[PDB]
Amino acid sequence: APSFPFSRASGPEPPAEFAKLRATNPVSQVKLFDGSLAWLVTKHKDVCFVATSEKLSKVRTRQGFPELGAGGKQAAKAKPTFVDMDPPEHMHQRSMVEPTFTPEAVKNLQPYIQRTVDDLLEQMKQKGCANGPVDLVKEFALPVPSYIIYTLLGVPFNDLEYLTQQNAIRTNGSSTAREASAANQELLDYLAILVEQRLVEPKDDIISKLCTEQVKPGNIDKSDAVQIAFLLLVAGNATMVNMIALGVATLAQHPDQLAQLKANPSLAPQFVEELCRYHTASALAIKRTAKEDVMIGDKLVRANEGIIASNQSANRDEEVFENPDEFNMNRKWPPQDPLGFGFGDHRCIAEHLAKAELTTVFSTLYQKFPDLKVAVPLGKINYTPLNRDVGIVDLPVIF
């Protein structure tokens, strides 16, 4: 049994093992960091089964749950939020915050998403690149999703820049254990205060809704509100950052499609679709422990054994997606849903918000900066360490 997670084959590519497993051993066992074992599922159809089977559980206190890191080990012990719940508790809590993420709600947010994007692009225009390239991540990729989720949660405008920096420290590969843990507690302390505040006087934000609708009547307590809010903040912010960066680096490698996008900005939606499939920046979230013996393909997963379903590998499953290893936004899509945001009840609560943020980014960026280009050789792009989810740390560009 090989050690999992695997390292990416190279900068922007998925681990090399997936293609091989998809071909001759779709369901196999891997060894985790503590030496324990877990089953690895690689085919699209099987990944979908793992995500919807009622015989599988996301409860981390269960025997055999696949924690991938020592941190995961300790993290599993605390009080769980909906991300780690099974029905009926799952939707009972998730339904408490889902209203803000529906298509209708997201469509109502467009003017705000657009405004936030325009504001950050304008500040880049005013700053310029006369003396050299600027960092697309720091100046755009990072703040766009950060400012948006913080605002939605309820964070006042004046505190966005500081809190955006602190949250980044949580996942900066440069950060140290001490520092990461500190920023982590700092954010929780801040959110605990925000909650008391909206408890006194609610405004139009997610925390206020939780305070009026769930805390006051006693359905959940303040600490729970703090935890749910923290989950919404950290679940996909770093992912949004990498997706925006990978999107710009990808277009830099595909001049013909980039020309299509500049010619017609309305192709942003279809560009985002191929992007979320091609670059699955969140690949280790579909994990389960079997509640009873369950068969997957030609393998029997025993009750209490762990399972990791790779949506990244699934999105490269040739049997589903023709020519899966080539970025082509003009591809003929099959009836099977790409799995960038998961599948089943747990499917990313912010899928609609995420796609709307990405779409706004790619239908605007090149309209604002038609001559926007990566300033470093694409081969020298600074991607995240190969042992982590695909992403980009910094990205010099000129315009």
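The first residue of the shown sequence is 1; numbering continues from there.
Asker: Do the C-alpha atoms of 170-178 or of 192-200 have the higher average B factor in the entry?
Answerer: On average, C-alpha B-factors are higher across 170-178.
Asker: Check the entry's C-alpha temperature factors for 157-165 and 280-288, then say which stretch has the higher mean.
Answerer: For C-alpha atoms only, the mean B-factor is higher in 157-165.
Asker: So if I compare the CA B-factors in the entry for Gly69, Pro338, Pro26, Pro66, which one is the largest?
Answerer: In this record, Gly69 carries the highest C-alpha B-factor of the candidates.
Asker: Per the entry's Cα B factor values, which of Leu275, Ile308, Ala78, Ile244 stands out as the maximum?
Answerer: Answer for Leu275, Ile308, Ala78, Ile244: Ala78, with the highest C-alpha B-factor.
Asker: Could you look up the Cα B-factor of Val374 in the entry and say which third of the chain it sits in: lowest, middle or highest?
Answerer: For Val374, whose C-alpha B-factor we compare with every modelled residue in the chain, the answer is the highest third.
Asker: What third of its chain's C-alpha B-factors does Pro2 belong to: lowest, middle or highest?
Answerer: Its C-alpha B-factor belongs to the lowest third of this chain's values.
Asker: Mind checking which third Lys222 falls in for C-alpha B-factor across the chain?
Answerer: Highest third.
Asker: Per the entry's values, where does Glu139 land by CA temperature factor relative to the rest of its chain, in the lowest, middle or highest third?
Answerer: Middle third by C-alpha B-factor.
Asker: Report the third (lowest, middle or highest) to which the CA temperature factor of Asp34 belongs, ranking only the modelled residues of the same chain.
Answerer: Highest third - that is where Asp34 ends up once the chain's C-alpha B-factors are sorted.
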